[PDB]
Amino acid sequence: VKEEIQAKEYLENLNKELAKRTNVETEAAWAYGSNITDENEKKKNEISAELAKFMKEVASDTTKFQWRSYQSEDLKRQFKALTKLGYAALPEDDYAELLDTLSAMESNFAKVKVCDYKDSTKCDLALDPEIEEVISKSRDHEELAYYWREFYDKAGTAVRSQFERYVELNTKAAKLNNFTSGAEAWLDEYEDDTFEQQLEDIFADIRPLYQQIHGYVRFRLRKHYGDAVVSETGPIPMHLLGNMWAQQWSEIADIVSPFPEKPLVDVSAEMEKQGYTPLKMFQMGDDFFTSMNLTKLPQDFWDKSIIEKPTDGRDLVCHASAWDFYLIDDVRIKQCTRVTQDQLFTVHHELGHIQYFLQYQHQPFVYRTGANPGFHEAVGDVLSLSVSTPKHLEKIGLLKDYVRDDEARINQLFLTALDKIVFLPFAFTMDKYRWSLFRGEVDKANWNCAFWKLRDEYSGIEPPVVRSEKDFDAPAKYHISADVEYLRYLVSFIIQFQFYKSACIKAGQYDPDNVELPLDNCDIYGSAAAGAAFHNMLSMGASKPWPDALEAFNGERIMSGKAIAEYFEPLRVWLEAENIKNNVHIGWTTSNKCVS
Ligand SMILES: *[C@@H]1O[C@H](CO)[C@@H](O[C@@H]2O[C@H](CO)[C@@H](O[C@@H]3O[C@H](CO[C@H]4O[C@H](CO)[C@@H](O)[C@H](O)[C@@H]4O)[C@@H](O)[C@H](O[C@H]4O[C@H](CO[C@@H]5O[C@H](CO)[C@@H](O)[C@H](O)[C@@H]5O)[C@@H](O)[C@H](O)[C@@H]4O)[C@@H]3O)[C@H](O)[C@H]2NC(C)=O)[C@H](O)[C@H]1NC(C)=O
Ligand SMILES: *[C@@H]1O[C@H](CO)[C@@H](O)[C@H](O)[C@H]1NC(C)=O
Ligand SMILES: *[C@@H]1O[C@H](CO)[C@@H](O)[C@H](O)[C@H]1NC(C)=O
Ligand SMILES: [Zn+2]
């Protein structure tokens with residue numbers, strides 16, 4: 001009708017206004033996140049409250065248009081997105097209380113300090129970097145357990161009453177948008193009613209490999225720590241796995257690697273010896289993208305980013321993140337960067353977000369996000385997969401005197417699995433837990449043990465000490481304290497293998513029927529063929545449902561476990577044999593580390 005013509009002009013104008021108002025909210029959030037004070041908290045929450053109020057006016061104005069009657073799929077999609085208010089649907093007082101609750105949790109988490117194990121006078125150890133360094137480096141099980149407990153008590157238990165209020169307010173918000181719970185609100189971002197089932201099916205296919213890796217790691221840990229510390233048949237004590245949440249185990253690769261007489265890629269020491277800085281690491285990431293004929297970082301990036309931990313003793317959120325300011329070319333990273341191999345991957349991870357932001361900044365505001373949350377998280381990881389290859393690391397002079405025999409290949413495959421397969425059950429449990437609270441499936445009296453129950457069922461790990469319903473451990477993970485959906489990372493770790501396989505084929509770097517070009521040594525550095533595929537997909541933003549974005553990249557429309565399995569198939573074959581040959585116990589008894 002004539003109405004659809006006016007509507008298109010309504011949208012064009014409203015999109016620009018939302019960008020500009022979001023800009024101002026993002027600036028205040030940035031200011032808080034990079035400098036936590038009471039004054040910046042109030043500024044952030046007051047701006048948010050005002051944007052919330054305007055969003056409600058907008059939702060209500062969508063009803064004045066017959067938008068579901070229109071011809072244009074594109075107009076209807078944009079209107080649909082403006083009806084989805086999220087937390088902004090709350091009454092203004094409930095919204096302000098929710099923001100205050102979220103602030104309390106995120107700043108509790110960011111301000112955690114603990115006492116040194118060897119010196120209880122020295123009480124200024126932060127997660128990043130001091131506690132993370134001990135967890136990743138110490139092989140003293142008693143020190144490890146000490147830091148685990150100190151951290152979980154302060155980051156987790158201390159915000160129980162706040163976490164509860166947040167679940168209530170999150171649930172109320174979802175119901176006001178006519179979702180059953182916050183779980184359905186999160187899942188709506190994947191635009192697919194069978195999405196949970198799809199992930200269950202993929203997870204069930206990779207679980208057997210996970211159990212083989214688990215079994216082997218447990219066997220190797222028993223030889224290091226002995227049977228008093230690690231049982232044969234029980235869940236692995238999580239504090240021994242190189243990471244505070246046992247989400248990835250690559251930091252203990254030096255004690256669990258298949259062939260310890262053969263090389264294991266660890267380039268941290270060479271980075272340090274070649275004088276690498278944070279600045280250099282970001283410049284390398286930048287080079288990687290521009291090498292593929294993708295977009296160079298703008299000057300605002302270099303001028304406004306924070307790529308090193310401030311040295312002025314202020315409080316900030318050190319958890320690494322990427323920020324879109326919704327103008328032109330104002331994109332930033334906040335990373336407390338350290339010169340290590342894992343941090344090099346993180347740098348590429350974060351720069352994948354930046355690239356996505358630049359690729360879609362010509363889109364209308366509602367379309368300036370990922371095709372789905374998982375797509376956003378995968379982009380940088382596709383590059384990190386290349387960066388991590390011995391091929392790439394020899395090219396940039398970080399890996400010296402490396403012979404890629406069959407045993408070094410198994411070592412590298414295993415190292416990657418400790419980051420990529422191990423994480424899958426972990427990532428699944430973070431949202432399974434929250435979903436189950438959001439949906440009202442667990443009584444408040446059982447919330448802590450329901451967490452550790454899932455961590456046992458899916459990952460076969462447990463706490464180093466007995467916990468109970470007096471503790472509350474979930475918020476000790478950043479994203480749980482900060483209310484960041486975690487499924488995006490599960491989706492990412494599956495789909496990034498679909499992107500990488502396809503990028504590798506396009507780059508001439510992978511042929512199944514040619515042993516010179518195996519998937520696990522593919523480097524896509526310099527490939528404009530791969531870059532083109534990325535451009536086609538990333539530039540779409542959220543303008544189409546995600547199957548359409550994937551189709552733009554490689555012609556497929558389906559999320560699949562095929563690629564991640566193909567990548568690790570040589571590992572699976574070897575590891576199955578090695579477990580049988582060493583009579584390794586697979587599976588685990590129920591944990592008894594959480595008392596009701
Ligand atoms: C979540 O789900 C909620 C339901 O569970 C839903 O809430 C409902 O939304 C309806 C509109 O979205 C709303 O409808 C209005 O009802 C008015 C009368 O209802 C009152 O009495 C109820 C008991 O009987 C009370 O419980 C309520 O609290 C109400 O106070 C009507 O006056 C009103 O009507 C007018 O509006 C229609 C709209 O027509 C549409 O648009 C054009 C009009 O420009 C039409 O040409 C077109 O065909 C189309 O129909 C007009 O026909 C005309 O002006 C009417 O007079 C309207 O029906 C309903 O009251 C409300 N609550 C409940 C519980 O029913 C939420 O909307 C959902 N939330 C989200 C985010 O989607
Ligand atoms: C942190 O924020 C305060 C406002 O609460 C401001 O005055 C101060 O300059 C900021 N500090 C830094 C280092 O930016
Ligand atoms: C970069 O992009 C151009 C135009 O968009 C494309 O045609 C070309 O393949 C790319 N250039 C290089 C360096 O390969
Ligand atoms: Zn990310």
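One-based numbering, in listed order, for ligands and for the atoms of each. In this chain, residues are counted from 1 in sequence order.
- When only modelled atom types and interatomic distance are considered, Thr194 and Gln198 share a side-chain donor-acceptor pair under 3.5 Å.
- With respect to the Zn ion (ligand 4), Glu377 has OE1 as its nearest N, O or S atom.
- A pairwise comparison of heavy atoms in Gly33 and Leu316 identifies O-CB, 3.5 Å as the closest pair.
- For ligand 2, the atoms lying closer than 4.0 Å to a non-hydrogen atom of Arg314 are 13 (C).
- Nearest protein neighbour of atom 6 (C) of ligand 2, counting heavy atoms only, is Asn35 ND2, 4.1 Å.
- Using modelled atom types and a 3.5 Å distance limit, the side chains of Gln71 and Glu4 yield no donor-acceptor pair.
- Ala173 and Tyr87 get closest at one heavy-atom pair: CB-CD2, 3.8 Å.
- Those atoms of ligand 2 with a heavy atom of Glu39 less than 4.0 angstrom away are 4 (C), 5 (O).
- Atom 5 (O) of ligand 2 has its closest protein heavy atom at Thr37 OG1, 3.0 Å.
- Closest to the Zn ion (ligand 4) among the N, O or S atoms of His353 is NE2.
- The pair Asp94-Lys172 meets the salt-bridge criterion, since a charged nitrogen lies less than 4.0 angstrom from a carboxylate oxygen.
- Ligand-side atoms of ligand 2 in range of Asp312: 13 (C), range being under 4.0 angstrom from any heavy atom.
- Tested against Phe365 for a side chain to side chain contact (heavy atoms under 4.5 Å, CB included), the candidates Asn15, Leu11, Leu82 yield a single pass: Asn15.
- Residue contact annotation: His349 places an N/O/S atom under 2.8 Å from the Zn ion (ligand 4).
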Check residues 536-545 and write down every donor-acceptor pair under 3.5 Å in which the side-chain atom is one partner and the other belongs to a residue at least two apart or another chain.
residue, atom, partner, partner atom, Å
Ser539, OG, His535, O, 2.7
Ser543, OG, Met540, O, 2.7

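- Counting only N and O atoms by type, the side chains of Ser321 and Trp323 include a donor and acceptor under 3.5 Å apart.
- Taking a cutoff of 4.0 Å between a charged side-chain nitrogen and a carboxylate oxygen, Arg165 and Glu168 qualify as a salt bridge.
- Look at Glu350 and the Zn ion (ligand 4): no N/O/S atom of the residue is under 2.8 Å from the metal.
- Near ligand 1, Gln66, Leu176, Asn178 each place a heavy atom less than 4.0 angstrom from the ligand.
- The protein reaches atom 2 (O) of ligand 2 closely, with a heavy atom under 4.0 angstrom from it.
- Of the listed residues (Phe428, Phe493, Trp245, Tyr458), just one forms a ring pair (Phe, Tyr, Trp, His ring centres under 6.0 Å) with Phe423, and that residue is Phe493.
- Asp300 has no carboxylate O lying under 4.0 Å from a charged side-chain N of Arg332, or vice versa, which leaves the two without a salt bridge.
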